[PDB]
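Presented below, as structure tokens, is a lone chain in the form deposited in one PDB entry.
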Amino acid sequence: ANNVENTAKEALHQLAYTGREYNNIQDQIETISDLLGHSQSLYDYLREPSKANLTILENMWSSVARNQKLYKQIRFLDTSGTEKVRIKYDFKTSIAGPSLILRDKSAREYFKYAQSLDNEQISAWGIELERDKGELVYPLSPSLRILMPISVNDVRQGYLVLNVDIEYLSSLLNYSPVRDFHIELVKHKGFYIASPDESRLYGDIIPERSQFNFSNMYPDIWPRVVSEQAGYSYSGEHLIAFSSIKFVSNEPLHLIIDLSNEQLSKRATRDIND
């Protein structure tokens, strides 16, 4: 009536809801990585890299990939950063299998970061677009790479790497049918990682899109996004509700619900909009 104050409150409830969902995803990720990092089939492959042991290991990772769905790759890299084992998974089809396409990944920052981790420490590099030989993969694939150095008798043997597939995950989590909000994902430095609007994505990397930065678009609301854990602002052309979460990597990840005046107007609505 009264609609801005009440939409805001709805949107904050949705952000709390969704942050709890990413929290749970994070927990699953830690569990899977830890089981994979300690499996006998991995240790067998490390001791004796036979075609047979490799097959057992790939078969396990493919099963896990089909079961869990959020990993578009699962890899073992050696101490030099060269891929030794590689499973790819495609969520549209549900197909998982091995690849013989194996690259030197040592120039990548996520590898350089993985090296700094303790043996068996599970962490992640910020969300970043996938690449092949330094070239962007298309369609564009933002990924959160789970990194775990693997040791035998406390000697480091390589790195387990899981590419969690941020497009898939935002599709799964960021639209809420009942409350009908589209949550967008905004990086620690203001660029878009996920949105129903594909054109605003990845301004830090695609040069034509450098102007799609929350601080540029909202240059007075941005400081609150950075500082506060959650709040909202009404401009009043847009209602913006925001929150931050830690999603595996140490970088804050911002959750944004951004509604035009026109979208705020429709929200005198009914449950036949199911």
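Rigid core: the largest C-alpha set superposing within 1.5 Å between the two forms. The first residue of the sequence shown is number 1, and the count goes up from there.
One more form of this protein should be noted, the form deposited in another entry, which is absent from this view; the next part is about it.
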| item | value |
| --- | --- |
| Flagged residue of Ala96, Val85, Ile127, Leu169 - C-alpha shift reaching 2 Å or more between this form and the one not shown, core superposed | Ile127 |
| C-alpha of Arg179 off by 2 Å or more between this form and the one not shown on rigid core | no |
| Core-aligned CA displacement of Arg200 at least 2 Å between this form and the one not shown | no |
| Large Cα shift (2 Å or above) at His188 between this form and the one not shown, core-fitted | no |
